[PDB]
Structure formats: C-alpha cells, structure tokens
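Here is the file work-v8.csv (CSV, C-alpha atoms).
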chain,number,residue,atom,x,y,z
A,24,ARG,CA,157.9,176.5,74.1
A,25,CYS,CA,157.7,174.0,71.2
A,26,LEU,CA,158.9,170.5,71.8
A,27,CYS,CA,159.5,169.8,68.1
A,28,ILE,CA,162.8,171.2,66.8
A,29,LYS,CA,162.8,169.2,63.6
A,30,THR,CA,159.8,167.6,61.9
A,31,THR,CA,159.8,164.7,59.5
A,32,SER,CA,157.1,163.7,56.9
A,33,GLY,CA,159.0,160.7,55.5
A,34,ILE,CA,157.7,157.8,57.5
A,35,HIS,CA,155.1,155.0,56.8
A,36,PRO,CA,152.2,153.8,58.9
A,37,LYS,CA,153.8,150.6,60.2
A,38,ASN,CA,156.3,152.0,62.7
A,39,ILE,CA,153.7,154.3,64.3
A,40,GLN,CA,152.0,152.9,67.4
A,41,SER,CA,150.3,156.2,68.3
A,42,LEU,CA,150.1,159.9,67.5
A,43,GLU,CA,149.6,162.9,69.7
A,44,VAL,CA,148.2,166.2,68.3
A,45,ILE,CA,148.9,169.2,70.5
A,46,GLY,CA,147.1,172.4,69.6
A,47,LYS,CA,148.9,175.8,69.3
A,48,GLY,CA,149.1,177.8,72.5
A,49,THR,CA,150.9,180.8,74.2
A,50,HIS,CA,154.1,178.7,74.3
A,51,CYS,CA,154.1,177.4,70.8
A,52,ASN,CA,152.6,179.0,67.6
A,53,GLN,CA,152.7,175.7,65.7
A,54,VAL,CA,150.6,172.5,66.1
A,55,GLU,CA,152.8,169.7,67.3
A,56,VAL,CA,152.4,166.1,66.1
A,57,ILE,CA,154.4,163.6,68.1
A,58,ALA,CA,154.4,160.0,66.8
A,59,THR,CA,155.3,157.2,69.3
A,60,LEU,CA,157.0,154.4,67.3
A,61,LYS,CA,156.6,150.6,67.9
A,62,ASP,CA,160.1,150.8,69.5
A,63,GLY,CA,159.1,153.5,72.1
A,64,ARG,CA,161.0,156.3,70.3
A,65,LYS,CA,159.2,159.6,69.6
A,66,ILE,CA,159.5,161.7,66.4
A,67,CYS,CA,157.9,165.0,65.3
A,68,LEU,CA,155.8,165.0,62.1
A,69,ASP,CA,155.0,168.0,59.9
A,70,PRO,CA,151.3,168.7,60.4
A,71,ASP,CA,151.0,170.5,57.0
A,72,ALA,CA,152.5,167.7,54.9
A,73,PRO,CA,149.6,166.2,53.0
A,74,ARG,CA,151.4,162.9,53.3
A,75,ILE,CA,151.2,163.2,57.1
A,76,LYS,CA,147.6,164.3,56.8
A,77,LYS,CA,146.9,161.1,55.0
A,78,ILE,CA,148.8,158.9,57.5
A,79,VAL,CA,146.5,160.3,60.3
A,80,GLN,CA,143.3,159.7,58.4
A,81,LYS,CA,144.4,156.0,57.8
A,82,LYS,CA,145.4,155.3,61.4
A,83,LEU,CA,142.0,156.7,62.3
A,84,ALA,CA,140.3,154.3,60.0
A,85,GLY,CA,142.3,151.4,61.3
A,86,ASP,CA,143.8,151.0,57.8
B,21,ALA,CA,148.6,142.4,78.7
B,22,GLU,CA,147.2,143.9,81.9
B,23,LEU,CA,146.1,147.2,80.2
B,24,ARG,CA,144.1,146.4,77.0
B,25,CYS,CA,141.6,148.7,75.3
B,26,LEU,CA,140.7,151.9,77.1
B,27,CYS,CA,137.6,152.8,75.1
B,28,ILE,CA,134.8,150.3,74.7
B,29,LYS,CA,132.3,153.2,75.2
B,30,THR,CA,132.9,156.4,73.1
B,31,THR,CA,131.2,159.7,72.0
B,32,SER,CA,130.7,161.9,69.0
B,33,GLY,CA,129.5,164.9,70.9
B,34,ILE,CA,132.6,167.0,71.8
B,35,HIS,CA,133.0,170.7,71.2
B,36,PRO,CA,136.3,171.2,69.5
B,37,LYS,CA,137.0,174.3,71.6
B,38,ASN,CA,137.1,172.1,74.8
B,39,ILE,CA,139.9,170.0,73.3
B,40,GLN,CA,143.5,170.5,74.3
B,41,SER,CA,145.2,167.5,72.7
B,42,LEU,CA,144.2,164.3,70.9
B,43,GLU,CA,145.9,160.9,71.1
B,44,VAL,CA,145.1,158.4,68.3
B,45,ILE,CA,146.2,154.8,69.3
B,46,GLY,CA,146.2,152.6,66.2
B,47,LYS,CA,144.9,149.0,66.1
B,48,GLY,CA,147.6,147.0,68.1
B,49,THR,CA,147.7,143.3,68.9
B,50,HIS,CA,146.8,144.1,72.5
B,51,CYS,CA,143.8,146.2,71.6
B,52,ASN,CA,142.5,145.4,68.1
B,53,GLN,CA,140.7,148.6,67.4
B,54,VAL,CA,141.6,152.3,67.0
B,55,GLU,CA,141.1,154.4,70.2
B,56,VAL,CA,140.9,158.2,70.2
B,57,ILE,CA,141.4,160.0,73.5
B,58,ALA,CA,140.9,163.8,73.8
B,59,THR,CA,142.3,165.7,76.7
B,60,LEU,CA,140.0,168.6,77.5
B,61,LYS,CA,141.0,172.1,78.8
B,62,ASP,CA,140.0,171.1,82.3
B,63,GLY,CA,142.1,167.9,82.4
B,64,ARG,CA,139.2,165.4,81.8
B,65,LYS,CA,139.8,162.7,79.2
B,66,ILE,CA,137.1,161.3,76.9
B,67,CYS,CA,136.9,158.5,74.4
B,68,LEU,CA,135.9,159.6,70.9
B,69,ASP,CA,134.4,157.5,68.1
B,70,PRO,CA,137.1,157.2,65.4
B,71,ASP,CA,134.6,156.3,62.9
B,72,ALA,CA,132.1,159.1,63.4
B,73,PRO,CA,132.4,161.6,60.5
B,74,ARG,CA,132.3,164.6,62.8
B,75,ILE,CA,135.3,163.2,64.8
B,76,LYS,CA,137.3,162.6,61.6
B,77,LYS,CA,136.4,166.3,60.9
B,78,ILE,CA,137.6,167.6,64.3
B,79,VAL,CA,140.9,165.7,64.0
B,80,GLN,CA,141.7,167.1,60.6
B,81,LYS,CA,140.9,170.6,61.8
B,82,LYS,CA,143.1,170.3,65.0
B,83,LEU,CA,145.9,169.1,62.8
B,84,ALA,CA,145.6,172.2,60.5
B,85,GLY,CA,145.2,174.4,63.5
B,86,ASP,CA,142.0,175.4,61.8
C,21,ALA,CA,169.8,158.9,60.9
C,22,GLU,CA,170.7,156.1,63.4
C,23,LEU,CA,170.8,158.4,66.5
C,24,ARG,CA,167.4,160.0,66.6
C,25,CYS,CA,166.7,161.1,70.2
C,26,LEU,CA,163.8,163.5,70.6
C,27,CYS,CA,165.3,165.4,73.5
C,28,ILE,CA,167.9,167.7,72.1
C,29,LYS,CA,167.6,170.3,74.9
C,30,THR,CA,166.9,169.5,78.6
C,31,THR,CA,165.7,171.5,81.6
C,32,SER,CA,166.2,170.8,85.3
C,33,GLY,CA,163.9,173.5,86.6
C,34,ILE,CA,160.1,172.8,86.5
C,35,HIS,CA,158.0,172.9,89.6
C,36,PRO,CA,156.1,169.7,90.3
C,37,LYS,CA,152.7,171.4,90.3
C,38,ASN,CA,152.8,172.1,86.6
C,39,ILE,CA,153.5,168.5,85.8
C,40,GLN,CA,150.6,166.2,84.8
C,41,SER,CA,152.5,163.1,83.7
C,42,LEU,CA,156.0,162.0,82.9
C,43,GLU,CA,157.3,159.3,80.4
C,44,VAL,CA,160.7,157.7,80.9
C,45,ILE,CA,162.0,156.0,77.7
C,46,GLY,CA,165.0,153.7,78.2
C,47,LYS,CA,168.2,153.8,76.1
C,48,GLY,CA,167.6,152.1,72.7
C,49,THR,CA,169.3,151.4,69.4
C,50,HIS,CA,168.2,154.8,68.2
C,51,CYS,CA,169.0,156.9,71.2
C,52,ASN,CA,172.0,156.7,73.5
C,53,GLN,CA,170.1,158.4,76.2
C,54,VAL,CA,167.3,158.1,78.7
C,55,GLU,CA,164.6,160.6,77.7
C,56,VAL,CA,162.1,162.0,80.2
C,57,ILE,CA,159.2,163.9,78.6
C,58,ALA,CA,157.0,165.8,81.0
C,59,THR,CA,153.4,166.7,80.0
C,60,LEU,CA,152.4,169.9,81.6
C,61,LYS,CA,148.9,170.8,82.9
C,62,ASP,CA,148.6,173.1,79.8
C,63,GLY,CA,149.4,170.3,77.4
C,64,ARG,CA,152.9,171.5,76.6
C,65,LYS,CA,155.7,168.9,76.6
C,66,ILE,CA,159.3,169.5,77.8
C,67,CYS,CA,162.4,167.3,78.1
C,68,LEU,CA,163.8,166.9,81.6
C,69,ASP,CA,167.4,166.1,82.5
C,70,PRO,CA,167.3,162.5,83.9
C,71,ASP,CA,170.7,162.9,85.6
C,72,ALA,CA,169.8,166.1,87.6
C,73,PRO,CA,169.1,165.4,91.3
C,74,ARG,CA,166.3,168.1,91.1
C,75,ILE,CA,164.7,165.9,88.5
C,76,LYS,CA,165.1,162.6,90.4
C,77,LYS,CA,163.5,164.3,93.4
C,78,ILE,CA,160.5,165.4,91.3
C,79,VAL,CA,159.9,161.9,89.9
C,80,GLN,CA,160.0,160.5,93.4
C,81,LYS,CA,157.5,163.1,94.7
C,82,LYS,CA,155.2,162.4,91.7
C,83,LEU,CA,155.3,158.6,92.4
C,84,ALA,CA,154.5,159.3,96.1
C,85,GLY,CA,151.7,161.5,95.0
C,86,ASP,CA,153.5,163.9,97.2
D,21,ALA,CA,132.5,158.6,77.4
D,22,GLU,CA,134.8,159.8,80.2
D,23,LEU,CA,138.1,158.1,81.0
D,24,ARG,CA,139.1,158.3,84.7
D,25,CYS,CA,141.6,155.9,86.3
D,26,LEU,CA,143.1,153.4,83.8
D,27,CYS,CA,144.4,150.9,86.4
D,28,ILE,CA,141.7,148.8,88.0
D,29,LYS,CA,144.5,146.3,88.9
D,30,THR,CA,148.1,146.6,89.7
D,31,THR,CA,151.2,144.4,90.0
D,32,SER,CA,154.5,144.9,91.9
D,33,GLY,CA,156.3,142.2,89.8
D,34,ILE,CA,157.8,142.9,86.4
D,35,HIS,CA,161.4,142.3,85.4
D,36,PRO,CA,163.2,145.5,84.5
D,37,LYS,CA,164.5,144.1,81.2
D,38,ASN,CA,161.1,143.8,79.6
D,39,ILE,CA,160.3,147.5,80.2
D,40,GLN,CA,160.6,149.8,77.2
D,41,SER,CA,159.0,152.9,78.8
D,42,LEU,CA,157.2,154.0,81.9
D,43,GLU,CA,154.5,156.7,82.2
D,44,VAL,CA,153.9,158.2,85.7
D,45,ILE,CA,150.5,159.9,85.7
D,46,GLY,CA,150.1,162.1,88.8
D,47,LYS,CA,146.8,162.5,90.7
D,48,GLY,CA,144.5,164.7,88.5
D,49,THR,CA,141.0,165.8,87.6
D,50,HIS,CA,139.7,162.4,86.8
D,51,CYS,CA,141.9,160.0,88.8
D,52,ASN,CA,142.7,160.6,92.4
D,53,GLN,CA,145.6,158.1,92.6
D,54,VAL,CA,149.0,158.0,90.9
D,55,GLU,CA,149.2,155.5,88.1
D,56,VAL,CA,152.3,153.9,86.6
D,57,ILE,CA,152.0,152.1,83.2
D,58,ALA,CA,154.9,150.2,81.9
D,59,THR,CA,155.1,149.6,78.1
D,60,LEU,CA,156.9,146.3,77.6
D,61,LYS,CA,159.3,145.5,74.7
D,62,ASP,CA,156.5,143.5,73.1
D,63,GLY,CA,154.1,146.5,73.4
D,64,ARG,CA,151.9,145.2,76.2
D,65,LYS,CA,150.9,147.6,78.9
D,66,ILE,CA,151.0,146.7,82.6
D,67,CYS,CA,149.8,148.7,85.6
D,68,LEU,CA,152.5,148.9,88.3
D,69,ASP,CA,152.0,149.5,92.0
D,70,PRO,CA,153.5,153.0,92.8
D,71,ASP,CA,153.7,152.2,96.6
D,72,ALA,CA,155.6,148.9,96.2
D,73,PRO,CA,159.3,149.6,97.1
D,74,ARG,CA,160.4,147.3,94.3
D,75,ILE,CA,158.6,149.6,91.8
D,76,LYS,CA,159.9,152.8,93.3
D,77,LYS,CA,163.3,151.2,92.8
D,78,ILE,CA,162.7,150.2,89.2
D,79,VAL,CA,161.8,153.8,88.2
D,80,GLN,CA,164.9,155.3,89.7
D,81,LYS,CA,167.1,152.7,87.9
D,82,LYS,CA,165.4,153.3,84.6
D,83,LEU,CA,166.0,157.1,85.2
D,84,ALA,CA,169.7,156.5,85.9
D,85,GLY,CA,169.4,154.3,82.7
D,86,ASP,CA,171.1,151.6,84.7
As structure tokens, the full file:
Amino acid sequence: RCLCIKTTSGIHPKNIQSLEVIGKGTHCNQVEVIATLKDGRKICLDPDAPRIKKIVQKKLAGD
Amino acid sequence: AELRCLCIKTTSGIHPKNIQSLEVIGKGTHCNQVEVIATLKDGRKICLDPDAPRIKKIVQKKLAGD
Amino acid sequence: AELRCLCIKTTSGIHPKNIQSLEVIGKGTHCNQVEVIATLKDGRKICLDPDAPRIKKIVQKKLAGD
Amino acid sequence: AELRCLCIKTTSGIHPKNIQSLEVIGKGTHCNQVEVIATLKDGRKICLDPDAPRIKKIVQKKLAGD
C-alpha cells in the first residue's frame, strides 16, 4: 500500500537531486511523489500542492 | 564519476497509458542536463525529452493523476 | 524535524520474485537508521527491515542474480 | 530511446566511507545482468561489480549499518 505516510510541500529546489512520480494503483489510491535529496534522504511531497507542481515544472526546465 | 548522463538520445513519442512511473533527474555536476526516465508497464525504461511540450504535459497529468 | 527517516514501518516478508530493485541508504544526520526501499515489479515501493535475516538473505540472492 | 543496462564498466574498488547509498537492480526486462550503482557522498555514481567478493561484503556491512 502507499509508501508515503506524511507529505510535505514546504521545500525548495536546491536540496532535491531527483523526483519519482508513481501513479495510483490497486495498492495506493493516491499518486506518490518521492524526492531524493542531495544528502540521499527521501521525503514524500504533496502532488496537489501548487507549490510542488511548480517545483516539478522547474526541475524539468533545468531551472 | 563512472556513471554520468543516461540519456543522450531521447523521445517525445510515448503513450501515457504505457507509463508506470517517471523519474526526473535535475541538472547535477556529474550530468549537466535534466534527464527524464519513464518506467513502462512491461518493465522497459525510456529516455524522454524534458523540453518537449508534450512531455511537460504528460508529467503534469501523471502528477495530478489526470 | 531533525530525524526525518522515510521508513516508519518495515516488513520482513516479501518474496524475491516481486522485487525489481532495492536501495540501501546509510545512516545519516537526518536518519538514525539504515533504510532499504524495495521497488516492486508493479512500481510500488516498500520499506524492508535491514536487520531481519530474511531480508539479508534476499539482498544476497538479488546480488547473486539468484 | 530505450534504456537497457546502465553499466558498461564496473569496478570492485571503492572505499565504504564514500558511499551514501547503493541501488541493486536485479536482472529484468531490459538488462540481463544484476547492476549495483553506488551514489557517493559527493553525488557521483559508480558501477560496482556484483560478483566481486569485496563488493558482496560492502553491501552486507552497509545493510548492518556497520
């Protein structure tokens, strides 16, 4: 079932090395967004937060 | 840095329904470009063009579970 | 927070066949424990117990391509 | 463009203290070999040799978090 127990939306570009977007499925009704930080740690981001939607579009532009 | 950039060749032609997960690697020092790797339903992995409008579209839709 | 592990809950029972890849993240300033995140063939992710002999044996069989 | 095996080249010599994480990718659709990628504390990625005893050993110590 869902990996992501808690989801943050208060983070800025810089610490994020990569992001992984997992689509909803029979074992999780929510989309999961896992960010890999420069330090190797992982955090779950809220996929609906407009802030987080912005962060993705930027990483995607190389900005 | 033995493993550098994974996607020198990309694609814009992917059917969103074949996509299971997406990984967006940001510009790093080791790979000075953004790489986007889609894992397909059958396990295959393909490099996507981060700049193609369509790909930007598909990412935003996946994110919204649209 | 200071302690921000991702793996709150851990399992020891998964059958090797369902595992695609595994990531082992060492102890850090922000996480007092070793985290093992398994990526299943369906794209689902689950935290494994690094201390469980069942788990150590799975890692070894994966490595051996066994 | 399709992504198969990431590791053209491998090494059996890394010092454990430079390793921040390890990813073990089992044999799959598009890569009929096991691949081990270490992410160093400086973010570089190195392909490790999964058959080399020294590597098999590093993985188990990283698991035990020793």
Post-fit chain D coords, all in-order Cα pairs vs chain B, as a compact mmCIF listing (two decimals) with C-alpha atoms, keeping the file's coordinate frame:
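Output file selection-v5.txt follows:
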# COMPACT_ATOMS: atom_id res chain seq x y z
CA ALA D 21 147.79 143.17 84.84
CA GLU D 22 147.47 143.64 81.07
CA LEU D 23 145.98 146.77 79.52
CA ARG D 24 144.19 146.16 76.18
CA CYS D 25 141.59 148.56 74.75
CA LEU D 26 141.08 151.68 76.92
CA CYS D 27 137.71 152.72 75.40
CA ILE D 28 134.80 150.58 76.51
CA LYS D 29 132.54 153.53 75.49
CA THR D 30 132.72 156.19 72.92
CA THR D 31 131.07 159.52 72.07
CA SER D 32 130.78 161.44 68.75
CA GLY D 33 129.91 164.74 70.56
CA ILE D 34 132.53 167.05 72.01
CA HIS D 35 132.98 170.71 71.17
CA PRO D 36 136.31 171.42 69.53
CA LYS D 37 137.12 174.28 71.92
CA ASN D 38 137.40 172.09 74.97
CA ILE D 39 140.04 169.84 73.34
CA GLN D 40 143.63 170.39 74.41
CA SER D 41 145.13 167.30 72.70
CA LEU D 42 144.13 164.20 70.85
CA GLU D 43 145.90 160.80 70.84
CA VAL D 44 145.13 158.43 67.90
CA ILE D 45 146.17 154.92 68.90
CA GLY D 46 146.22 152.61 65.86
CA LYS D 47 145.15 148.94 65.96
CA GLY D 48 147.94 147.00 67.82
CA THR D 49 148.98 143.96 69.80
CA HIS D 50 146.48 144.39 72.53
CA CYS D 51 143.62 146.38 70.96
CA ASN D 52 142.20 145.49 67.62
CA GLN D 53 140.34 148.80 67.07
CA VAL D 54 141.56 152.37 66.64
CA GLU D 55 141.07 154.50 69.69
CA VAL D 56 140.91 158.29 69.91
CA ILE D 57 141.28 159.97 73.37
CA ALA D 58 140.75 163.62 73.67
CA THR D 59 142.38 165.44 76.65
CA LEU D 60 140.13 168.36 77.53
CA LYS D 61 141.33 171.78 78.79
CA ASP D 62 140.27 170.73 82.28
CA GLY D 63 142.33 167.48 81.99
CA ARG D 64 139.47 165.02 81.60
CA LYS D 65 139.84 162.28 79.07
CA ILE D 66 137.06 161.30 76.66
CA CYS D 67 136.91 158.42 74.19
CA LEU D 68 135.87 159.64 70.71
CA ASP D 69 134.26 157.60 67.97
CA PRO D 70 136.86 157.31 65.09
CA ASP D 71 134.11 156.34 62.51
CA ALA D 72 131.81 159.30 63.27
CA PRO D 73 132.28 161.87 60.40
CA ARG D 74 132.06 164.69 62.91
CA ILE D 75 135.15 163.26 64.69
CA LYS D 76 137.10 162.65 61.53
CA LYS D 77 136.42 166.31 60.85
CA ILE D 78 137.53 167.52 64.26
CA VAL D 79 140.95 165.82 63.91
CA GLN D 80 141.69 167.35 60.56
CA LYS D 81 140.78 170.85 61.89
CA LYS D 82 142.92 170.43 64.95
CA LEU D 83 145.79 169.33 62.55
CA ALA D 84 145.30 172.44 60.40
CA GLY D 85 145.23 174.19 63.88
CA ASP D 86 142.07 175.86 62.69
Problem set entry | Surrounding residues of residue 73 in chain C excluding itself and chain neighbours under 3 positions, 12 Å, only C-alpha atoms, as a PyMOL selection string | (chain C and resi 31-33+68-70+76-80) or (chain D and resi 80+83-84)
Exercise. Any idea what the distance is between CA of residue 45 in chain C and CA of residue 85 in chain C?
Worked result: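 Going from CA of residue 45 in chain C over to CA of residue 85 in chain C covers 20.9 Å.
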Problem set entry | Contact residues around range 39-54 of chain A with all atoms listed in the file at 9 Å, ignoring same-chain residues under 4 positions, as a VMD selection string | (chain A and resid 24 to 26 34 to 35 58 to 63 69 to 70 79 82) or (chain B and resid 39 to 48 79 82 to 85) or (chain C and resid 62 to 64)
Write to file, as a CSV table (one decimal), in the coordinates of the input, the residues of the selection just made, with C-alpha atoms.
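And here's again.csv as it stands now:
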chain,number,residue,atom,x,y,z
A,24,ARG,CA,157.9,176.5,74.1
A,25,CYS,CA,157.7,174.0,71.2
A,26,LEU,CA,158.9,170.5,71.8
A,34,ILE,CA,157.7,157.8,57.5
A,35,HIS,CA,155.1,155.0,56.8
A,58,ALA,CA,154.4,160.0,66.8
A,59,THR,CA,155.3,157.2,69.3
A,60,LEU,CA,157.0,154.4,67.3
A,61,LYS,CA,156.6,150.6,67.9
A,62,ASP,CA,160.1,150.8,69.5
A,63,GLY,CA,159.1,153.5,72.1
A,69,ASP,CA,155.0,168.0,59.9
A,70,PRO,CA,151.3,168.7,60.4
A,79,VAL,CA,146.5,160.3,60.3
A,82,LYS,CA,145.4,155.3,61.4
B,39,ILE,CA,139.9,170.0,73.3
B,40,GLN,CA,143.5,170.5,74.3
B,41,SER,CA,145.2,167.5,72.7
B,42,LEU,CA,144.2,164.3,70.9
B,43,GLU,CA,145.9,160.9,71.1
B,44,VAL,CA,145.1,158.4,68.3
B,45,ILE,CA,146.2,154.8,69.3
B,46,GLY,CA,146.2,152.6,66.2
B,47,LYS,CA,144.9,149.0,66.1
B,48,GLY,CA,147.6,147.0,68.1
B,79,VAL,CA,140.9,165.7,64.0
B,82,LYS,CA,143.1,170.3,65.0
B,83,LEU,CA,145.9,169.1,62.8
B,84,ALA,CA,145.6,172.2,60.5
B,85,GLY,CA,145.2,174.4,63.5
C,62,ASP,CA,148.6,173.1,79.8
C,63,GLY,CA,149.4,170.3,77.4
C,64,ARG,CA,152.9,171.5,76.6
Seminar exercise, completed: Residue with the minimum atom-to-atom distance to chain D, picked from A:86, A:28, A:77, A:65 with all atoms listed in the file counted, is A:65
For this session: Report the distance between CA of residue 36 in chain A and CA of residue 54 in chain B in Å, rounded to one decimal place.
Result: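 Atom-to-atom, CA of residue 36 in chain A to CA of residue 54 in chain B, that is 13.4 Å.
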Problem set entry | Point-to-point distance from CA of residue 52 in chain C to CA of residue 81 in chain D, Å rounded to tenths |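 One can read the CA of residue 52 in chain C to CA of residue 81 in chain D distance as 15.7 Å.
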Problem set entry | range 66-68 of chain A surroundings by only C-alpha atoms, 6 Å radius, close-in-sequence under 4 positions cut, as a ChimeraX atom specification | /A:27,30-32,56-58
For this session: When you get a sec, could you note down which chain D residues fall within 6 Å of chain B, using only C-alpha atoms, as JSON, numbers by chain?
Result: {"D": [21, 22, 23, 49, 50, 64, 65, 66]}
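Using all atoms listed in the file for every distance, the candidate list A:74, A:64, A:81, A:37 yields A:64 as the residue closest to chain C.
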